[PDB]
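Residue numbers (my numbering), protein chains in the order written: chain F, 75 to 283; chain A, 148 to 1044; chain V, 10 to 157; chain C, 240 to 444.
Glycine residues also receive a C-beta, built at the ideal position from the N, C-alpha and C atoms.
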Amino acid sequence: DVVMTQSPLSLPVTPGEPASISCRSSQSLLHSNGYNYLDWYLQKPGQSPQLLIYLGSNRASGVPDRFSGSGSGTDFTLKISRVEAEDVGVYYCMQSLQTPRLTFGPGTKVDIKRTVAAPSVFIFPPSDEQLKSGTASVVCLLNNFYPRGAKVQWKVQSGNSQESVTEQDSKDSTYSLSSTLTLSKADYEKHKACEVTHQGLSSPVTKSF
Amino acid sequence: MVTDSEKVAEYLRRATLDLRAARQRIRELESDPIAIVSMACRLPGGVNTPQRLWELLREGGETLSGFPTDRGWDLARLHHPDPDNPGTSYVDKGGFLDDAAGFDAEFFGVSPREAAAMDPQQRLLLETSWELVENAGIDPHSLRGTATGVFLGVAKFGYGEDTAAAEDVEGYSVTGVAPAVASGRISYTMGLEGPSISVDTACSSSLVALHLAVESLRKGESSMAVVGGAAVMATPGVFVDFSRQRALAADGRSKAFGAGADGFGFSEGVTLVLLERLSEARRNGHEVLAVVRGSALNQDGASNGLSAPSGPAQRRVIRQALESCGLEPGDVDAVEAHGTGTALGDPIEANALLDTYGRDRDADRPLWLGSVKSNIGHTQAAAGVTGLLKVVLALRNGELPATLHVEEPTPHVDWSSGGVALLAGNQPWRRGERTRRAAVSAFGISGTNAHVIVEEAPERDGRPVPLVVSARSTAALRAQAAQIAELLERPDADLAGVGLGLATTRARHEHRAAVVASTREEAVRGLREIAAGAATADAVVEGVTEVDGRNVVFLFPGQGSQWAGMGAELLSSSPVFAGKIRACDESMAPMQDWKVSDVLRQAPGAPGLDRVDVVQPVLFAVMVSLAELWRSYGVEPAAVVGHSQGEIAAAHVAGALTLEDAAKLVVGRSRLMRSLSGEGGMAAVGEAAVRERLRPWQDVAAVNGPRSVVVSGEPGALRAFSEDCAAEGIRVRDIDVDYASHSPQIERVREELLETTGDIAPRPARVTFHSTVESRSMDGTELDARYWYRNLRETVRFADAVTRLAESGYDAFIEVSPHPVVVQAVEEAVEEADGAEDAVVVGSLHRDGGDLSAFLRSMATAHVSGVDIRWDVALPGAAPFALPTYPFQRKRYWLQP
Amino acid sequence: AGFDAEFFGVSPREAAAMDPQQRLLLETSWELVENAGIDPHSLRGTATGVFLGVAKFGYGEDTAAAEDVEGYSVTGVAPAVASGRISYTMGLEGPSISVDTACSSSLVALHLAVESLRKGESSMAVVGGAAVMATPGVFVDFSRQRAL
Amino acid sequence: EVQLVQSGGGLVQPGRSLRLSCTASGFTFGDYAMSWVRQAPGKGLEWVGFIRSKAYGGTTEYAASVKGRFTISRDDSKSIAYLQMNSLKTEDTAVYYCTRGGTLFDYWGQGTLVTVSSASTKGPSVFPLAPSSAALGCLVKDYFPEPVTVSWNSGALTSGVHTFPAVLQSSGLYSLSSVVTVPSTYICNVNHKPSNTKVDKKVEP
Ligand SMILES: [K+]
Ligand code: NA
Ligand code: NA
């Protein structure tokens, strides 16, 4: 009987132009007093969350009046009349019918619209200075793609890779990713590549030693 | 879980808080109270401050005089008693400024030819606007780049119109007389960036300017506003023009609301106020003399003649002014009237008051009515803000001055209603339960009326004091000292408050002097020296500087500086210094038994300054502690340089050594020099020459200059070598030392030194560290134990480090030591170098003079040559005292026909 | 120099003493309200404000001093009266202000009028500026600077 | 104006305790419920607990993951809300936000990072990521604690550079990698203040 909300996973936006974020709840949020118990929050990168809209359509003092909310029952929209570049971040719609809210959920990741771009993939092998130590780090780089969501697989595997992603570049508006496969010098000599996927690619892409 | 009521409480709270913030925003935009933070003026009879105006008004003085004789007017031809005679005036009396032609052109960066071409209205607005900001307790330089607005009432009076056309490549003639430039030139010269507007609605002009400024402030367009008006009659044209109409009072007196009222009496005036949102004044800590609550402007409309007043329009503007701030007429204690002394206009004004304030008025509290024009005449574009000045002065002194010439009130007004009473005499007007309010009216001949509501402002040792004065010429510097001398000869005088006011509320100009004093009497003696152009006393320093900042080098010398009890005073008088000493003793703890603090105090059973192994760690502690004292006054080194073990202080100050590691290095090195006791010597002295002379021996420690050098070695050779230099020429001053540093004698201790100290972990330096060992800027991480041995071992290339830094643009060299041992060598090296030719070199303390006063004197010496000092740190808890304004050095500029 | 004095209730001697800036502001301000489709008489008693950029250009300064019982010479050339006379003759009762910030004067007047309207102080506003070079002084003054 | 000033976090070992504070100014603290919300590095926002105002009983509620280890209290005289954290665990590592309100979170503190780790301070190891046939970089491996900075050519090369967020390895030590693109004279400068470690390394085949 737990009350959840869902919003789109991502939403590219264009400054100067409007944007809309939809929200659907598992249950009507309309209360007998006439209000929908749905609030909108925003977390900008490296900042703390901030309130935007409360009870569906009320804009808190100090929030820019380009933000508004509407909807009723189970369907809600946050509207930005004209997006600004400073509006990127994670938007959350949060029901208040049922408390406490244990999580804010995944929210809607808003970033700068641009043309799709495929990852320029690179593989680097472990250095010799490192092999002298006793461990082997092999890196696979996916540079300047869009949108996020580039996946990587290794075939020397599972449970021995770690990945990291940049924030959207201030210039070209793309992302980059680094994966790092880690095995001991032992398990490394005992063999003699990384498979990428991404929507901007025609088909998967591999790069081997 | 939260109930529905608990959630509703939070949502409804947010909605009512949103509403509250919106309503507050409305009330700010509509009726935010406006602080009058200061005032300034030039009025007739030498009334050149607001206090002088108050003095005049409290006595009932009238400043009327004869026409000026030093303006080129043709007084013989100008007077003629018949009103119908063209080109003449039947009056020969008015209100005229003392010195309308006088101007300090150079202060304002104006050339002599521009000054002469400038309307005196423009020139006196520059002086008064400077004074205005000084009187607010604001360093005028701090308004550069701010959104300060300028709103002035000003009109042309014919300055220069009868001067022969001349050459004018720079266009001085155009900008010199344009009313637009009267406001724009204030903005230009003070670097203001808010709107700057000149307005002309005749007599109401300066209150219209005030009305527009209040709007600009409430909207947030201006952060502060310079408001007022200027009228200087360069030509007699207004006496002639108004004579043809028989509009002038024959005796020149403005007999406002008296039965004798028979026309205008015209005067000159330049009057200004400084305005800010009250809430902003409170936030920023500005004084608040009074508050503007509200104001209204309207028009007479279709009156009985273009220039005839309209009773009904005055009634309306009064009611609109009161309604704009939510007040009732009964809330107002007094009116400063337009009050011109004309037979037609006085009754209409009085009747409009009788019909608004006077209707249903408390029988025991009639509205008090007067007019400053009865004292000083009609100051035209400055009239409205001049009446505002009187109101503010009356509020501040608790008294309503008398209005003159009403021994018989005019019978053309039926005063019987009793709601309005003339101020036939002074009336107490003291702060109390009833909030004191008054209104100011101005009604122009173009028909635009103003009424403004004004309210009282809301209810609100023996240590050394550094007194800093500056000005833009030597004569102005002497005057500024003499003014402060007079201020401090008073009993009212707060020495520390004066110092803090001098340091924080006055622009720091090019010619600078300072006195460090502990009593008023000492302060006056030093300021009187400055006032005479002398600086013979030790507590007095003078200099001149073209910049306001420097690129500072801290210099840390080696031995030679110490003296018994050095810095002992500073342990009591300076927490910053003692805190650093104490920090030094905590880090020197697990390496020695004695404490540096005990040595400086000369405690019992404490070591003395003969053992290298106590001197060096003491001097280290003193130096790094003086460094922290300089830094608490806001002086941060851009680079550091040390001489021998002074490099260790340097490296700590730079951030490259923790204090624990620097203590290790100094204690480590200093014991190990104790071992070599009696086994070495050193003495003082060109480098290449001295090296030729040293070939016969195999016993050069430092190159301090081209004739100053230090040789080190074995005691024997030391004396043998001196005999030669003795029986040949230049001197060989020994050195109080048991050892021989920077010579091969050092090698035996290499091994132990490095192992003892090899534990240190140098860090990156936050401040450039220019090594005197390797003659270059070095990363702090390179300053490991091997480096510190190479400093003990190799030659100190001091002069080259200085030279390098001078040539790289460092122009302030501060010797951080208890006695100046390298100042001379720095000075010589800086002079020979291709570096700045106005560098400053100063020390910190002196053998005699290690108390806070001597340290403040050293900072003063740095300051008068352009090093910025945070003088308020010396004056905690003081409150800034009101000061005189800048002593303008005036010459006459007047274009004659 | 052309003016319909009688239309505006101005005597021949007042007209000659009036700055042409003032005279043409009366005609244009009448036209202005007619062009709005408004009977100008209906603005009598209203809170119409007047906000004008205007400066003196020396009209009358080189004419021999004469008799002037009515003071026409003073009001005729004062920039304050250039705005006030519009209010006087059309019976307007809002603020009437003349401002001088040189070349920006008429947009500063506009900025102040917008403020007056948003505050509700003026119900409508007559806004603009007037420049009539009665004398050649500005060509002479700016010639010395090679600014022309 | 409303302010929520947070303090009291930092590095702590597993099993130990920390007390976070949120000092409020510019509103009537005593009228509001106050909540704590946390965000593990690179993850979502998780509700920790909250305390009611005195007007509603002054009581608390807690997420099941912290119940019995964390407690919230308030001091209405000083206008402070506290989060007392006992028996801390590595997965408690997070930025902790204090916020005004129990249901409507209308004003948020700036956040306090709490890192729970048994790791010792350790300078990084740098290793090159060299080409063969337009992209190279450095791998900065095995350091603690954060942060480590990376420039290229002492801050002369910025174009094409991407310095990646650090990742926390199963060992408890961090590792990041910096990269840059150029075709066909290339050093990365790595700085780790907490261990006073600086390193430059040339990248070539
Ligand atoms: K009139
Ligand atoms: Na002296
Ligand atoms: Na020099």
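Contacts of residue i in chain A (Cβ-Cβ under 7 Å)
| i | result |
| --- | --- |
| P221 of chain F | Here the premise fails: no neighbours, minimum Cβ distance about 35 Å. |
| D345 of chain C | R161 |
| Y295 of chain C | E153 |
Per DSSP, the bridge partner or partners of residue i
| i | result |
| --- | --- |
| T322 of chain A | In DSSP, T322 of chain A forms no bridge with anything. |
| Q349 of chain C | None, per the DSSP bridge assignment. |
| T354 of chain C | C:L250 |
| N217 of chain F | F:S194 |
| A585 of chain A | A:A481 and A:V601 |
| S96 of chain F | F:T151 |
| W515 of chain A | A:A481 and A:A568 |
| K361 of chain C | C:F383 |
Span of the beta strand (DSSP E), counted from its first residue to its last, around residue i
| i | result |
| --- | --- |
| residue 1046 of chain A | Beyond the ends of chain A as shown, which are 148 and 1044, falls residue 1046 of chain A; an answer cannot be given. |
| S152 of chain A | Looking at the DSSP string, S152 of chain A is not in any beta strand (DSSP E); the run it does join, the alpha helix (DSSP H), is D151 to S178. |
| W201 of chain A | First-last for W201 of chain A: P197 to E206, but that is the alpha helix (DSSP H), not the beta strand (DSSP E). |
| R32 of chain V | That residue, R32 of chain V, is in no beta strand (DSSP E); its alpha helix (DSSP H) goes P29 to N44. |
Closer than 7 Å at the beta carbon, the chain F residues around residue i
| i | result |
| --- | --- |
| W391 of chain C | Chain F residues near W391 of chain C: none, gap ~15 Å exceeds 7 Å. |
| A168 of chain A | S135 |
| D251 of chain A | The contacting residues do not exist; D251 of chain A stays about 49 Å from chain F at best. |
Interface partners of residue i on chain F, CB under 8 Å
| i | result |
| --- | --- |
| residue 1066 of chain A | With chain A running from 148 to 1044 in the structure shown, residue 1066 of chain A is simply not present. |
Contact set between residue i and chain F, taken where Cβ atoms lie within less than 9 Å
| i | result |
| --- | --- |
| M337 of chain A | Those do not exist, as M337 of chain A stays about 34 Å from chain F at its closest Cβ, beyond 9 Å. |
| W286 of chain C | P174, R175, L176, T177 and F178 |
| residue 1046 of chain A | Chain A is shown only over 148 to 1044; residue 1046 of chain A falls outside these bounds and no answer can be derived. |
Amino acids of chain C, ordered along the chain, whose beta-carbon sits closer than 9 Å to that of residue i
| i | result |
| --- | --- |
| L215 of chain F | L368, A374, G376, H401, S416 and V418 |
Residue range of the unbroken alpha helix (DSSP H) whose run includes residue i
| i | result |
| --- | --- |
| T1008 of chain A | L999 to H1010 |
| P764 of chain A | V759 to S779 |
| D246 of chain F | Per DSSP, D246 of chain F belongs to no alpha helix (DSSP H) and is neither H nor E. |
| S115 of chain V | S114 to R127 |
| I1016 of chain A | Taken as a continuous stretch (DSSP letters only), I1016 of chain A belongs to no alpha helix (DSSP H), as it is neither H nor E. |
Cβ-heavy atom distance, residue i to ligand 1, below 7 Å
| i | result |
| --- | --- |
| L453 of chain A | yes |
| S185 of chain A | no |
Chain-ordered neighbours of residue i on chain V, where CB pairs are closer than 8 Å
| i | result |
| --- | --- |
| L453 of chain A | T84, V90, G93, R94 and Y97 |
Partners in chain A for residue i, counting only beta-carbon separations shorter than 9 Å
| i | result |
| --- | --- |
| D439 of chain C | What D439 of chain C touches in chain A: nothing, since even the nearest Cβ is about 12 Å away. |
Chain C residues whose Cβ lies nearer than 8 Å to that of residue i
| i | result |
| --- | --- |
| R910 of chain A | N435 |
| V149 of chain A | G341 and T342 |
Cβ-heavy atom distance, residue i to ligand 2, below 7 Å
| i | result |
| --- | --- |
| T295 of chain A | no |
Contacts that residue i makes with chain V (C-beta to C-beta distance below 9 Å)
| i | result |
| --- | --- |
| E308 of chain A | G67 and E70 |
Residue i: CB within 7 Å of a non-hydrogen atom of ligand 3
| i | result |
| --- | --- |
| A980 of chain A | yes |
| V970 of chain A | no |
heavy atom of ligand 5 below 7 Å from residue i C-beta
| i | result |
| --- | --- |
| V700 of chain A | Annotation note on ligand 5: not contained in the displayed structure, which lists ligand 1, ligand 2 and ligand 3 as its ligands. |
| said: If the cut-off is 7 Å on Cβ atoms, which residues from the stretch 193-204 of chain F count as contacting chain C, listed in chain order? | reply: Taking 7 Å as the Cβ-Cβ cut-off against chain C, the residues of the stretch 193-204 of chain F that qualify are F196, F198, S201, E203 and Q204.
| task | May I ask you to list, following chain order, the residues of the stretch 325-343 of chain C that have a beta carbon less than 9 Å from some beta carbon of chain A? | result | Answer in chain order: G340, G341, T342 and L343.
| query | Of the residues that make up the stretch 81-113 of chain F, which ones have a beta carbon closer than 8 Å to any beta carbon in chain C? | reply | For the stretch 81-113 of chain F, residues whose beta-carbon sits nearer than 8 Å to a beta-carbon of chain C comprise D113.
| message | Which residues of the stretch 779-810 of chain A have a Cβ closer than 7 Å to any Cβ of chain C? Give them in chain order. | response | If the cut-off is 7 Å between Cβ atoms, the stretch 779-810 of chain A has nothing near chain C.
| query | Got a sec: which bits of the stretch 992-1017 of chain A sit with their beta carbon under 8 Å from any beta carbon on chain F, in order along the chain? | reply | The stretch 992-1017 of chain A vs chain F, Cβ under 8 Å: nothing.
| task | Check each residue of the stretch 939-973 of chain A: if its Cβ is closer than 8 Å to any Cβ of chain V, include it; give the result in chain order. | result | The residues in question: there are none.
| field | Under 8 Å (Cβ pairs) to chain V, residues found in the stretch 399-412 of chain A | value | Here the close residues number zero.
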